[PDB]
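Before any questions on binding or motion, here is one chain by itself as structure tokens, the form deposited in one PDB entry.
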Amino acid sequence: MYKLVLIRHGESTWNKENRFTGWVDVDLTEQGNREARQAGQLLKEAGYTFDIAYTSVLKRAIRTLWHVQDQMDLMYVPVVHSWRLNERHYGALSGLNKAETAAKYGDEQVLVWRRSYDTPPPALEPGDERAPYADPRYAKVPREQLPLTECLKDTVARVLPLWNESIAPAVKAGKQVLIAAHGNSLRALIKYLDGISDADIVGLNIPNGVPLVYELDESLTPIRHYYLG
């Protein structure tokens, strides 16, 4: 029996505005700060501790992790910041709210995108300000691996290598691991962990700033999972 803890970042400014964010590096709102501190308090009171954390390169997830670390008195543990835990890339939808998206692309195409595991939204132009190529976060990432858009299938494909490379060996080694990330990168892990179908994973809701605990057997197969609080 191992335990692995997952948590989605607290409310971001763009969550509050119901805007597609993706790789845009927006910060937490004060509510998102509170959710993160509350999650830290919950893990602490329920007797959790961690040896290492994995997070993305996006500050909304990183700041969530900082609050959890702060509240648990774990500010000293090693942290890995991986672009592979970034939120799904939403291409040209990044920055649009629901009304704006419906207006530009029409309801039917939005419905197809919302439902389709393997159809990506319109891509960023490679020269768009929002493209990742000039960003110092991705300086060592092979250029061809950087997305200008992603369907959820793409997101899953680039999240999952972190499982065999890093998370599973750490868990098997007896490390107490925390993963502080984003709705869709957490979906990718959960998709693999619980063997969820392409069709069902699309609808899985994960709330901001609530610790999600997986209990795993010797083979890293889930026994059960639950949210704290």
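Numbering starts at 1 and follows the sequence shown. Only the largest set of C-alpha atoms that superpose within 1.5 Å between the two forms is called the rigid core. Only residues modelled in both forms are compared.
Looking only at CA atoms, which has the higher mean B factor in the entry: 75-83 or 93-101? Stretch with the greater average CA B-factor: 93-101.
107-115 versus 122-130 - which carries the larger mean C-alpha B factor in the record: The stretch with the larger mean CA B-factor is 122-130.
Top residue by Cα temperature factor, when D27, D70, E35, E45 are compared in the entry: Answer, based on the entry's C-alpha B-factors: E45.
Third of chain Cα B-factors occupied by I52: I52: CA B-factor falls in the lowest third of its chain.
If you rank every modelled residue in this chain by C-alpha B factor, which third holds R88: lowest, middle or highest? According to the entry, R88 has a C-alpha B-factor in the chain's lowest third.
Once the chain's modelled residues are ordered by C-alpha B factor and cut into thirds, is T64 in the lowest, middle or highest one? According to the entry, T64 has a C-alpha B-factor in the chain's lowest third.
Lowest, middle or highest third: where is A139 by Cα B-factor in its chain? CA B-factor rank for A139: highest third.
Compare the C-alpha B factor of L204 with those of the other modelled residues in its chain, then answer lowest, middle or highest third. Top third by C-alpha B-factor.
Another form, the form deposited in another entry, is not on view; read the next lines as being about it.
In a fit on the core, which one among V110, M72, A123, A131 has a Cα that moves 2 Å or more between the shown form and the other one? After core superposition, the single residue displaced by 2 Å or more is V110.
Thinking of the 3 angstroms or more shift, are the C-alphas of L111 and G183 brought closer or pushed farther apart in the other entry than in this view? Distance between the C-alphas of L111 and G183: shorter in the other entry, by 3 Å or more.
Relative to the form shown here, do the C-alpha atoms of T13 and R114 sit closer together or farther apart in the other entry, given a change of 3 Å or more? Compared with this form, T13 and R114 lie closer in the other entry.
Do any runs of 3 or more residues shift their CA by 2 Å or more between the shown form and the other one on a core fit, and if so, which ones, in sequence order? Run moving 2 Å or more: only 102-116.
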